[PDB]
Each structure stands twice: as structure tokens, then as C-alpha cells.
Amino acid sequence: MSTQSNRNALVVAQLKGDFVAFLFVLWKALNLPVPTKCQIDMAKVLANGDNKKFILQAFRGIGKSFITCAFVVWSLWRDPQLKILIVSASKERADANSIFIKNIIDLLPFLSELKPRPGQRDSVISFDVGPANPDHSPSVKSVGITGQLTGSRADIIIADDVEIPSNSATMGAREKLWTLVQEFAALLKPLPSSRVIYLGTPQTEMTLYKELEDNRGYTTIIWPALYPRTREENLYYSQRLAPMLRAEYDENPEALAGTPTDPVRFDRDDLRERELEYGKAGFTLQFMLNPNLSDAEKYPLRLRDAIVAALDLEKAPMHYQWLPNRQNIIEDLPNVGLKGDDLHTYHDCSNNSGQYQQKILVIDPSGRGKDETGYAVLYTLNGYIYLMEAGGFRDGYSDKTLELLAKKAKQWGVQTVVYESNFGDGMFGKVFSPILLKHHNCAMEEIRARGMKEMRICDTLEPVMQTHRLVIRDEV
């Protein structure tokens, strides 16, 4: 039984965390820690099974240390007779983190508890020093670069409040070899958990903004905000109000500038928007009167010009069908025509309508977002399905367009979007286009349209951005 349970905890961190990690209360004695949805999400994200490198952009006044401690415990307690853990921090701050990890360890049952060799010996700063084997060492990040290089067979690095470590560039550079091509690859094959976990609240457009952006440009992990603490979701009268009054009360007895600083994890010197306002201000449009359908013609088709079309179909009322047509001929890609409509009550008459614009633009190849309606419209305008249109782009034969499976396509599609629009490789003419960009901002860990706005136009340009990366696109 013991072997099965130990192994169970070993590869199911959530179960280990919910069952064995305790706090010792004064009224109820040793009780189970009541994990929160954000903490549970964070535990899953930090595991050998998933990635290796994780970065959290969290707000302040979230009991993050409670989870970070449970993870670090779980790591050392279930390591394959191996592994050194070190943290980078300017304090005593890293000592506080390991204290909590020790608070977790000390409450474990015998069978899950490895024997303790060292434990804050000599009033440090360290547990399980020397072969035993796993260890956790609290370190100042200000010293290390020294701490990173000096470590012998490092397995995990946790970096507390990474955004508030001054002169981090050298310490960060020291980290690169430890993770990036890389003893990390070699240790991961051995099943060496560890790994690099960074968690902290943002601090302007420093080094961390670069880390978060590079991560978010590729993935959408991870960020929780004041609302993650569900206790805030109930007012004084003990009625659910979706943190309406707690937020009001917290805004008062303080400041709005302090509330974004403390409970929002927003970066200072910038809005959320994917496209910088510095660029959104320069963007001019071309006003045009659309057809009976939702077609806006910016520049008419020309013979011997190559066009590309992207289509983000509308799953329901809610939003619109968005078809951009982009002149691909020259070095600078211009948007020459857009179809924007929510009048398509029929799942059914769009393929023909779209086709005449695709045909109008020199048999324009089209890359359709494979959503429920997408897959759909795919078939009707397929070379084989109904309209026999031979210029429908597909990443596979099962998938007659852009498969939206796996997060990455949208991520890099947004990342390439940003580049294309900002470096002025792609020129947008549609008014409603740029207005959607105005509100297509951070929805950590991705981007979306804020309350009461549509992102249909922007999202179908994201498909173009993703398509932009593709080798086949390098001359459709």
C-alpha cells in the first residue's frame, strides 16, 4: 500500500498537496491546507510532465508562498535520490520561502518524509545539505551571479520577486547556461526534476517585462489576480457580489494607482494592448462604403498581384465573420479588402459570398480558422466539398485550414501580428480594424477584447500572422 501511495504522491502533485500538506491550526490542530484554484493551476504548471521552465506574473497579497512551498517540498521529497534546489532573492526573503517549505515538510507523515540531514544548521539558510540527497538553499540573488555558477549539480532554481532584483542582467546571464542548451536537457532525460520557476509581481518595463513578453509571445502561463482569493467575492453582508465592494473598499482607504500596483499585476509604463498606442496613434484608415454584404474594398484587384485571405467565422450571435484580403505582392503587405458581418444567420450562404471576393482577387487562396463554423465553411469552399474552390489553405488533409488546437498558434500569431503591424510590413486600412486593436489587450496569459468589444477582425489577422510564419506562405 505504502509504495503505491508514495508513488501516487510522487506523480500527482495536486493529490499530494491536498492530502498531506498541513498548517497546524490553534483551534483544530493539524489540518489540511485548503488549496485555491490559482494555486492548483500553478502546481500543475510546475511539473516535469509539463514543461520545465515556468514564469508567474502574480499580484501581491496572494498567498503564493503557500503553493511555492508545497511545490519545493514535493520536489525534494520525491526526487530520484537526487537534487539541489536554490532560490535567488535579495533577502532573508529566500530564507522565508524555505521556512514555509520546512513548515510543509515538518507536517508530512513518516513515509513521505525523507530523513533530515541538515536543517537550518548554523542559523542558515539551508536544508538537506550534502548528499542525502536533495537540498534547498536560500540565497541572495544580488551576490549570485556567484550563487548560480558556484552551485554543484543544481537541479532547480526558484526566483522570488524576480521583478524587484536590481542588476539582475548578470545573474540572468549566469542562469542561461544552467537551463538553455543546457545541463537542463541532460538532467531532464535522467528525470531530474528541475527546472526554473519564476514568480513575482511586475515592476514597470524592466528585465521581467522582457521575460514575461517572451514567454507570453510563445505561451500563456501564468497569472492570477486579487479575484483568485474567492473570499473577496463576498461582501460585508456575506452575499456574492463578484468582488464589487471589496474592490471599492480596497480602492478607497488607498489609491487606484496602488490597487494596480498591489492587486492587478499590470505593467506600469504601458497599456495592455498587443499593438503599442505609440503605433495605434500613427495608423490612418481609408473610409469606404461597404456592399450589400459586409465587404469593404480599399484597393481594387489588379492583374498579376498576389493576394491572401484569412477568415475567422463567427460561432454565434456574440460576434462577426471577419475576412481580410491582403496584397502580398510587394515587400510591404497591404490589406485591400475586408468582409465584416453578423447578418449571416445561415451557417450556409457565406461560402459563396466569400468565394466571389476570393475569385475577384485573382483566385485568392484563403486560410480559414477551423472553429465549429470554420471547419464548416471549409468544406463548402473546399476543392472537393461543394464549391470546388482549389485555393483553400490547409495545414493537413483532415484540417482544411488553421487548426486552433494548442494555444501556440494564437500566441505566435499575435506575436507575428505585432511585428508585422509595428515594423510596417503589414498596412491596415480598415477603420474598424485598428479600432479593434485599440481594445485588443492583455488577457493574461493571452490577448482578447475587453468588456463590450469585439476581436473578430483582429483575431482573423492573427491567422494571417501565424500563416506569415509558414513556409508555404513564402509565396502564395
# chains A, B, ... in the order shown; residues from 1 in each chain; ligands from 1
call {"tool": "select_by_dssp", "arguments": {"residues": "range 143-381 of chain A", "states": "strand (DSSP E or B)", "output": "PyMOL selection string"}}
result
chain A and resi 154-160+196-200+203+205+234+240+295-297+307-312+321-327+333-341+366-370
call {"tool": "write_last_selection", "arguments": {"atoms": "C-alpha atoms", "output": "PDB file, in the first residue's frame"}}
result
ATOM      1  CA  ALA A 154      21.921  22.398  -9.467  1.00  0.00           C
ATOM      2  CA  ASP A 155      18.582  20.822 -10.293  1.00  0.00           C
ATOM      3  CA  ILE A 156      16.033  23.650  -9.658  1.00  0.00           C
ATOM      4  CA  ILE A 157      16.146  27.355  -9.433  1.00  0.00           C
ATOM      5  CA  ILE A 158      13.219  29.270  -7.952  1.00  0.00           C
ATOM      6  CA  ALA A 159      13.478  33.070  -8.293  1.00  0.00           C
ATOM      7  CA  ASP A 160      11.433  35.029  -5.773  1.00  0.00           C
ATOM      8  CA  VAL A 196      13.353  27.032 -13.259  1.00  0.00           C
ATOM      9  CA  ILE A 197      10.328  28.658 -11.646  1.00  0.00           C
ATOM     10  CA  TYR A 198       9.959  32.430 -11.520  1.00  0.00           C
ATOM     11  CA  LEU A 199       7.170  34.159  -9.647  1.00  0.00           C
ATOM     12  CA  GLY A 200       6.704  37.857  -8.861  1.00  0.00           C
ATOM     13  CA  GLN A 203       7.724  46.337 -11.792  1.00  0.00           C
ATOM     14  CA  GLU A 205       9.155  47.655 -18.190  1.00  0.00           C
ATOM     15  CA  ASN A 234     -18.409  38.129  -0.885  1.00  0.00           C
ATOM     16  CA  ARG A 240     -21.717  37.042  -3.519  1.00  0.00           C
ATOM     17  CA  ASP A 295     -17.327  43.906 -47.936  1.00  0.00           C
ATOM     18  CA  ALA A 296     -15.070  46.954 -47.696  1.00  0.00           C
ATOM     19  CA  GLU A 297     -12.923  47.441 -50.812  1.00  0.00           C
ATOM     20  CA  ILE A 307      -3.486  38.177 -52.561  1.00  0.00           C
ATOM     21  CA  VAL A 308      -4.021  36.218 -49.339  1.00  0.00           C
ATOM     22  CA  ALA A 309      -7.271  35.820 -47.390  1.00  0.00           C
ATOM     23  CA  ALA A 310      -7.927  34.896 -43.784  1.00  0.00           C
ATOM     24  CA  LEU A 311     -11.363  34.053 -42.394  1.00  0.00           C
ATOM     25  CA  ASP A 312     -12.446  33.951 -38.758  1.00  0.00           C
ATOM     26  CA  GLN A 321     -17.483  36.907 -39.545  1.00  0.00           C
ATOM     27  CA  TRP A 322     -14.169  38.537 -40.491  1.00  0.00           C
ATOM     28  CA  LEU A 323     -12.468  38.095 -43.883  1.00  0.00           C
ATOM     29  CA  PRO A 324      -9.283  40.140 -44.598  1.00  0.00           C
ATOM     30  CA  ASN A 325      -7.690  40.122 -48.035  1.00  0.00           C
ATOM     31  CA  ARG A 326      -4.009  41.098 -48.076  1.00  0.00           C
ATOM     32  CA  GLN A 327      -1.975  42.177 -51.106  1.00  0.00           C
ATOM     33  CA  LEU A 333       1.782  43.643 -47.393  1.00  0.00           C
ATOM     34  CA  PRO A 334      -1.354  45.834 -47.612  1.00  0.00           C
ATOM     35  CA  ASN A 335      -4.947  44.971 -46.568  1.00  0.00           C
ATOM     36  CA  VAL A 336      -7.027  45.589 -49.660  1.00  0.00           C
ATOM     37  CA  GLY A 337     -10.455  44.257 -48.617  1.00  0.00           C
ATOM     38  CA  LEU A 338     -12.457  43.161 -45.559  1.00  0.00           C
ATOM     39  CA  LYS A 339     -15.750  41.336 -45.106  1.00  0.00           C
ATOM     40  CA  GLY A 340     -17.299  42.071 -41.705  1.00  0.00           C
ATOM     41  CA  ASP A 341     -20.838  40.784 -40.998  1.00  0.00           C
ATOM     42  CA  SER A 366      -7.826  31.541 -48.141  1.00  0.00           C
ATOM     43  CA  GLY A 367      -6.755  30.357 -44.677  1.00  0.00           C
ATOM     44  CA  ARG A 368      -9.847  29.722 -42.535  1.00  0.00           C
ATOM     45  CA  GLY A 369      -9.846  29.409 -38.735  1.00  0.00           C
ATOM     46  CA  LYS A 370     -11.069  25.868 -38.001  1.00  0.00           C
TER      47      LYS A 370
END
call {"tool": "closest_atom_pairs", "arguments": {"of": "range 269-361 of chain A", "to": "range 426-447 of chain A", "cutoff": "8 Å", "atoms": "only C-alpha atoms", "output": "Markdown table"}}
result
| residue | atom | partner | partner_atom | distance |
| --- | --- | --- | --- | --- |
| A:271 | CA | A:441 | CA | 7.7 |
| A:272 | CA | A:442 | CA | 4.5 |
| A:273 | CA | A:441 | CA | 3.5 |
| A:274 | CA | A:441 | CA | 5.4 |
| A:275 | CA | A:437 | CA | 6.8 |
| A:277 | CA | A:438 | CA | 7.8 |
| A:280 | CA | A:438 | CA | 7.1 |
| A:283 | CA | A:434 | CA | 7.4 |
| A:284 | CA | A:429 | CA | 6.9 |
| A:285 | CA | A:429 | CA | 4.4 |
| A:286 | CA | A:429 | CA | 5.2 |
| A:287 | CA | A:431 | CA | 7.0 |
| A:296 | CA | A:430 | CA | 7.8 |
| A:298 | CA | A:429 | CA | 6.9 |
| A:332 | CA | A:426 | CA | 6.0 |
| A:333 | CA | A:426 | CA | 4.6 |
| A:334 | CA | A:427 | CA | 4.6 |
| A:335 | CA | A:428 | CA | 5.4 |
| A:336 | CA | A:429 | CA | 7.5 |
| A:338 | CA | A:430 | CA | 7.5 |
call {"tool": "write_last_selection", "arguments": {"atoms": "C-alpha atoms", "output": "compact mmCIF listing (two decimals), in the first residue's frame"}}
result
# COMPACT_ATOMS: atom_id res chain seq x y z
CA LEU A 271 -1.39 49.68 -21.60
CA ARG A 272 -2.39 46.03 -22.12
CA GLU A 273 -2.79 46.35 -25.91
CA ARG A 274 -0.81 43.99 -28.15
CA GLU A 275 -0.06 46.90 -30.51
CA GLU A 277 -0.53 53.04 -28.60
CA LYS A 280 -2.05 52.87 -32.89
CA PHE A 283 -2.37 54.37 -38.05
CA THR A 284 -4.54 56.07 -40.66
CA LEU A 285 -7.58 54.47 -42.32
CA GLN A 286 -9.37 54.58 -45.67
CA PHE A 287 -13.11 55.24 -45.32
CA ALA A 296 -15.07 46.95 -47.70
CA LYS A 298 -9.84 49.55 -50.03
CA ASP A 332 5.09 45.54 -47.76
CA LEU A 333 1.78 43.64 -47.39
CA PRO A 334 -1.35 45.83 -47.61
CA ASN A 335 -4.95 44.97 -46.57
CA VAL A 336 -7.03 45.59 -49.66
CA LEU A 338 -12.46 43.16 -45.56
call {"tool": "residues_around", "arguments": {"residues": "residue 68 in chain A", "least_positions_apart": "6", "cutoff": "9 Å", "atoms": "only C-alpha atoms", "output": "PyMOL selection string"}}
result
chain A and resi 39+42-43+97+100-101+158+199
call {"tool": "write_last_selection", "arguments": {"atoms": "N, CA, C and O atoms", "output": "PDB file, in the first residue's frame"}}
result
ATOM      1  N   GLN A  39      -3.688  28.356  -7.120  1.00  0.00           N
ATOM      2  CA  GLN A  39      -2.580  27.567  -6.573  1.00  0.00           C
ATOM      3  C   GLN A  39      -2.513  26.180  -7.214  1.00  0.00           C
ATOM      4  O   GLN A  39      -1.449  25.732  -7.631  1.00  0.00           O
ATOM      5  N   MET A  42      -1.199  26.491 -10.627  1.00  0.00           N
ATOM      6  CA  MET A  42       0.237  26.764 -10.548  1.00  0.00           C
ATOM      7  C   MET A  42       1.028  25.477 -10.259  1.00  0.00           C
ATOM      8  O   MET A  42       2.115  25.203 -10.740  1.00  0.00           O
ATOM      9  N   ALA A  43       0.495  24.629  -9.412  1.00  0.00           N
ATOM     10  CA  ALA A  43       1.152  23.349  -9.101  1.00  0.00           C
ATOM     11  C   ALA A  43       1.276  22.471 -10.352  1.00  0.00           C
ATOM     12  O   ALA A  43       2.360  21.990 -10.669  1.00  0.00           O
ATOM     13  N   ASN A  97      10.974  31.851   2.338  1.00  0.00           N
ATOM     14  CA  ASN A  97      10.358  30.889   1.409  1.00  0.00           C
ATOM     15  C   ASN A  97      10.620  29.450   1.845  1.00  0.00           C
ATOM     16  O   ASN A  97       9.685  28.676   2.013  1.00  0.00           O
ATOM     17  N   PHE A 100       8.838  28.159   4.945  1.00  0.00           N
ATOM     18  CA  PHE A 100       7.470  27.702   4.659  1.00  0.00           C
ATOM     19  C   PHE A 100       7.514  26.308   4.070  1.00  0.00           C
ATOM     20  O   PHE A 100       6.675  25.474   4.375  1.00  0.00           O
ATOM     21  N   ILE A 101       8.555  26.060   3.296  1.00  0.00           N
ATOM     22  CA  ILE A 101       8.765  24.731   2.694  1.00  0.00           C
ATOM     23  C   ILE A 101       9.072  23.724   3.808  1.00  0.00           C
ATOM     24  O   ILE A 101       8.610  22.592   3.773  1.00  0.00           O
ATOM     25  N   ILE A 158      14.441  28.472  -8.153  1.00  0.00           N
ATOM     26  CA  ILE A 158      13.219  29.270  -7.952  1.00  0.00           C
ATOM     27  C   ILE A 158      13.649  30.716  -7.694  1.00  0.00           C
ATOM     28  O   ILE A 158      14.531  30.969  -6.894  1.00  0.00           O
ATOM     29  N   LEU A 199       8.439  33.564 -10.069  1.00  0.00           N
ATOM     30  CA  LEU A 199       7.170  34.159  -9.647  1.00  0.00           C
ATOM     31  C   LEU A 199       7.467  35.541  -9.061  1.00  0.00           C
ATOM     32  O   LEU A 199       8.402  35.710  -8.275  1.00  0.00           O
TER      33      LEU A 199
END
call {"tool": "select_by_dssp", "arguments": {"residues": "range 255-334 of chain A", "states": "helix (DSSP H, G or I)", "output": "MDAnalysis selection string"}}
result
chainID A and resid 258:261 277:280
call {"tool": "write_last_selection", "arguments": {"atoms": "N, CA and C atoms", "output": "PDB file, in the first residue's frame"}}
result
ATOM      1  N   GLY A 258      -2.292  52.465  -6.460  1.00  0.00           N
ATOM      2  CA  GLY A 258      -1.790  51.448  -5.519  1.00  0.00           C
ATOM      3  C   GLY A 258      -2.452  50.084  -5.737  1.00  0.00           C
ATOM      4  N   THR A 259      -3.755  50.096  -5.998  1.00  0.00           N
ATOM      5  CA  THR A 259      -4.519  48.867  -6.331  1.00  0.00           C
ATOM      6  C   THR A 259      -3.993  48.154  -7.619  1.00  0.00           C
ATOM      7  N   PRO A 260      -3.568  48.761  -8.674  1.00  0.00           N
ATOM      8  CA  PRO A 260      -2.997  48.145  -9.866  1.00  0.00           C
ATOM      9  C   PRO A 260      -1.602  47.642  -9.489  1.00  0.00           C
ATOM     10  N   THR A 261      -0.943  48.373  -8.586  1.00  0.00           N
ATOM     11  CA  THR A 261       0.400  48.053  -8.095  1.00  0.00           C
ATOM     12  C   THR A 261       0.366  46.811  -7.206  1.00  0.00           C
ATOM     13  N   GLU A 277       0.285  51.846 -28.291  1.00  0.00           N
ATOM     14  CA  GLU A 277      -0.528  53.039 -28.596  1.00  0.00           C
ATOM     15  C   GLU A 277       0.321  53.994 -29.433  1.00  0.00           C
ATOM     16  N   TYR A 278       1.629  53.917 -29.214  1.00  0.00           N
ATOM     17  CA  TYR A 278       2.598  54.701 -29.992  1.00  0.00           C
ATOM     18  C   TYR A 278       2.459  54.418 -31.494  1.00  0.00           C
ATOM     19  N   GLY A 279       1.995  53.203 -31.806  1.00  0.00           N
ATOM     20  CA  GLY A 279       1.760  52.785 -33.197  1.00  0.00           C
ATOM     21  C   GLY A 279       0.296  52.968 -33.604  1.00  0.00           C
ATOM     22  N   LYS A 280      -0.606  52.721 -32.657  1.00  0.00           N
ATOM     23  CA  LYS A 280      -2.052  52.875 -32.890  1.00  0.00           C
ATOM     24  C   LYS A 280      -2.473  54.322 -33.146  1.00  0.00           C
TER      25      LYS A 280
END
call {"tool": "residues_around", "arguments": {"residues": "residue 46 in chain A", "least_positions_apart": "4", "cutoff": "12 Å", "atoms": "only C-alpha atoms", "output": "JSON, numbers by chain"}}
result
{"A": [11, 12, 13, 14, 39, 40, 41, 42, 50, 51, 52, 53, 54, 55, 56, 67, 68, 70, 71, 72, 74, 75, 156, 157, 158, 193, 194, 195, 196, 197, 198, 199, 221, 222]}
call {"tool": "residues_around", "arguments": {"residues": "residue 202 in chain A", "least_positions_apart": "2", "cutoff": "8 Å", "atoms": "only C-alpha atoms", "output": "PyMOL selection string"}}
result
chain A and resi 57-59+163+200+204+208-209+265-267
call {"tool": "decode", "arguments": {"residues": "range 181-224 of chain A", "atoms": "N, CA and C atoms", "output": "short mmCIF file (atom, residue, chain, number, x, y, z; two decimals), in the first residue's frame"}}
result
data_model
loop_
_atom_site.label_atom_id
_atom_site.label_comp_id
_atom_site.auth_asym_id
_atom_site.auth_seq_id
_atom_site.Cartn_x
_atom_site.Cartn_y
_atom_site.Cartn_z
N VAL A 181 20.31 24.98 -23.28
CA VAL A 181 21.28 24.14 -24.02
C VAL A 181 22.71 23.99 -23.46
N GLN A 182 22.93 23.67 -22.17
CA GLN A 182 21.96 23.38 -21.07
C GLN A 182 22.27 22.03 -20.45
N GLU A 183 22.53 22.09 -19.16
CA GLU A 183 22.56 20.87 -18.34
C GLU A 183 21.13 20.39 -18.08
N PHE A 184 20.19 21.31 -18.27
CA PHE A 184 18.76 21.05 -18.04
C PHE A 184 18.26 19.90 -18.91
N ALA A 185 18.66 19.89 -20.18
CA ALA A 185 18.24 18.82 -21.11
C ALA A 185 18.74 17.46 -20.65
N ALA A 186 19.99 17.48 -20.20
CA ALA A 186 20.66 16.29 -19.74
C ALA A 186 20.01 15.86 -18.49
N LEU A 187 19.70 16.68 -17.51
CA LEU A 187 19.04 16.33 -16.24
C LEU A 187 17.60 15.91 -16.47
N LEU A 188 16.90 16.51 -17.38
CA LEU A 188 15.51 16.10 -17.65
C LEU A 188 15.38 14.69 -18.19
N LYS A 189 16.34 14.29 -19.02
CA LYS A 189 16.39 12.90 -19.52
C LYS A 189 16.57 11.87 -18.38
N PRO A 190 17.41 12.13 -17.39
CA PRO A 190 17.71 11.40 -16.18
C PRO A 190 16.44 11.38 -15.34
N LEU A 191 15.47 12.29 -15.64
CA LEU A 191 14.29 12.53 -14.77
C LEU A 191 14.49 13.37 -13.50
N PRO A 192 15.62 14.06 -13.50
CA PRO A 192 15.93 15.17 -12.73
C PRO A 192 15.00 16.31 -12.65
N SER A 193 14.03 16.35 -11.72
CA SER A 193 13.09 17.47 -11.78
C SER A 193 13.89 18.68 -11.39
N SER A 194 13.68 19.64 -12.22
CA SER A 194 14.38 20.88 -12.14
C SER A 194 15.22 21.26 -13.30
N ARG A 195 15.03 22.46 -13.85
CA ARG A 195 13.82 23.34 -13.80
C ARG A 195 14.16 24.72 -13.27
N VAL A 196 13.31 25.64 -13.71
CA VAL A 196 13.35 27.03 -13.26
C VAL A 196 11.93 27.57 -13.14
N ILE A 197 11.64 28.08 -11.95
CA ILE A 197 10.33 28.66 -11.65
C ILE A 197 10.56 30.10 -11.20
N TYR A 198 9.93 31.01 -11.92
CA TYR A 198 9.96 32.43 -11.52
C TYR A 198 8.56 32.91 -11.21
N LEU A 199 8.44 33.56 -10.07
CA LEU A 199 7.17 34.16 -9.65
C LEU A 199 7.47 35.54 -9.06
N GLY A 200 6.60 36.49 -9.40
CA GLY A 200 6.70 37.86 -8.86
C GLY A 200 5.65 38.78 -9.46
N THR A 201 5.42 39.85 -8.72
CA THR A 201 4.59 40.97 -9.19
C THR A 201 5.46 41.81 -10.14
N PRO A 202 4.85 42.45 -11.14
CA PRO A 202 5.54 43.26 -12.15
C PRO A 202 6.10 44.53 -11.54
N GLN A 203 7.09 45.07 -12.21
CA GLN A 203 7.72 46.34 -11.79
C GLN A 203 8.17 47.09 -13.04
N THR A 204 7.20 47.74 -13.64
CA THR A 204 7.44 48.56 -14.86
C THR A 204 7.94 47.66 -16.02
N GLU A 205 8.66 48.26 -16.95
CA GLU A 205 9.15 47.65 -18.19
C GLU A 205 10.61 47.22 -18.04
N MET A 206 10.95 46.72 -16.85
CA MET A 206 12.32 46.24 -16.59
C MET A 206 12.62 44.93 -17.33
N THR A 207 13.57 44.18 -16.79
CA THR A 207 14.01 42.89 -17.36
C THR A 207 12.89 41.85 -17.35
N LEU A 208 12.02 41.94 -16.34
CA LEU A 208 10.94 40.96 -16.22
C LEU A 208 9.89 41.15 -17.30
N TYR A 209 9.64 42.37 -17.70
CA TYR A 209 8.70 42.61 -18.81
C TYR A 209 9.15 41.86 -20.07
N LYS A 210 10.47 41.82 -20.26
CA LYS A 210 11.10 41.09 -21.37
C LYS A 210 10.94 39.58 -21.23
N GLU A 211 11.01 39.10 -20.00
CA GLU A 211 10.85 37.67 -19.72
C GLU A 211 9.40 37.22 -19.94
N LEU A 212 8.48 38.00 -19.39
CA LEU A 212 7.05 37.73 -19.48
C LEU A 212 6.58 37.81 -20.93
N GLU A 213 7.07 38.82 -21.64
CA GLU A 213 6.68 39.03 -23.05
C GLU A 213 7.16 37.88 -23.93
N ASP A 214 8.40 37.43 -23.70
CA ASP A 214 8.99 36.34 -24.47
C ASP A 214 8.22 35.03 -24.20
N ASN A 215 7.79 34.87 -22.95
CA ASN A 215 7.01 33.69 -22.55
C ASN A 215 5.60 33.76 -23.13
N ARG A 216 4.96 34.91 -22.98
CA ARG A 216 3.59 35.14 -23.43
C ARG A 216 3.53 35.13 -24.96
N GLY A 217 4.60 35.55 -25.60
CA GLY A 217 4.70 35.54 -27.08
C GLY A 217 4.66 34.10 -27.63
N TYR A 218 4.94 33.15 -26.74
CA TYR A 218 5.02 31.73 -27.11
C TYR A 218 3.96 30.89 -26.39
N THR A 219 3.73 31.21 -25.13
CA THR A 219 2.77 30.51 -24.26
C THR A 219 1.95 31.52 -23.46
N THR A 220 0.98 30.99 -22.75
CA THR A 220 0.07 31.80 -21.95
C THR A 220 -0.02 31.24 -20.55
N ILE A 221 1.12 31.31 -19.89
CA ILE A 221 1.26 30.95 -18.47
C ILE A 221 2.16 31.99 -17.78
N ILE A 222 1.99 32.24 -16.49
CA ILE A 222 0.73 32.07 -15.76
C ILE A 222 0.49 33.36 -14.97
N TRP A 223 -0.77 33.67 -14.68
CA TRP A 223 -1.13 34.88 -13.95
C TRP A 223 -2.47 34.82 -13.25
N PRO A 224 -2.36 35.00 -11.94
CA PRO A 224 -3.55 35.22 -11.10
C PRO A 224 -3.51 36.62 -10.47
#
